[PDB]
């Protein structure tokens, strides 16, 4: 195999270095994978990738001069499960029309970029479960209302950690099946509004580690199985076990919290069905278990629940 600019192997095309100033129009429409690496590429033009029905993966990474992604850039790619946008330091603008219908999207990664706002995902409408991984983008300060609806008919994993997020509006997760939400390492994030989890199913896993979040929402956590709040210092109270009905695991900051959990039982509704059969673990859905697993456990001497 071969091509003018881009190196090629097995319908996988890699356009590298500085001689690539724009996306070659002569790229085979039977391409499985496209990678743009170390290009002096100021813009990615409208409908640039439209019309590769064979295209599974798109990598755009380490482009210092890239400032914009035009409208309808990712559209008509029924076979695209993976988009990866990494290390574009001058990219501040992603056109709200860039992300079009992509029924097969599994993984959208935007990491280490200039972008000032979350990407617009309401036209993606994926049939697959989607991992949205948006990280190390310091200029992203706020999450609007309905920021994730229409990303997928299937449940969703949202990693928004290590950003500059200071602001989360009510109903930011509305119209969304949330498996998992990681907001950790947004250091300036002070408050979750009481309606964050309105019209959202889940989360089942929530990570607010290393944020200044003061308080957890009173509703929306009826499905929470796993809570990770490490070095979350001004989160002092917490909902009562009766409000976190599903919680099985918590890794927290203040040991007194863990003692609150160890001291309040829960668990009857007998339970069912069929785990029948015939230093850590592996697969087991029997509901075998134990008071919430909690840490830090107030191990080193000391009581719990105060005096």
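Numbering follows the first chain given and starts at 1.
Enquirer: With respect to the deposited sequence, is there a break between residue 269 and residue 270 in this entry, and if so is it 1 to 3, 4 to 9, or 10 or more residues, or none at all?
Expert: Nothing is missing between them.
Enquirer: Going by the mean C-alpha B-factor recorded in the entry, which is higher: 196-204 or 130-138?
Expert: Here the higher of the two C-alpha B-factor means belongs to 196-204.
Enquirer: Can you let me know which of the two, 259-267 or 35-43, has the higher average C-alpha B-factor in the entry?
Expert: For C-alpha atoms only, the mean B-factor is higher in 259-267.
Enquirer: Ranking the modelled residues of this chain by C-alpha B-factor as given in the entry, is residue 186 in the lowest, middle or highest third?
Expert: It falls in the bottom third of the chain.
Enquirer: How does the C-alpha B factor of residue 218 compare with the rest of the chain: lowest, middle or highest third?
Expert: For residue 218, the deposited C-alpha B-factor lands in the highest third.
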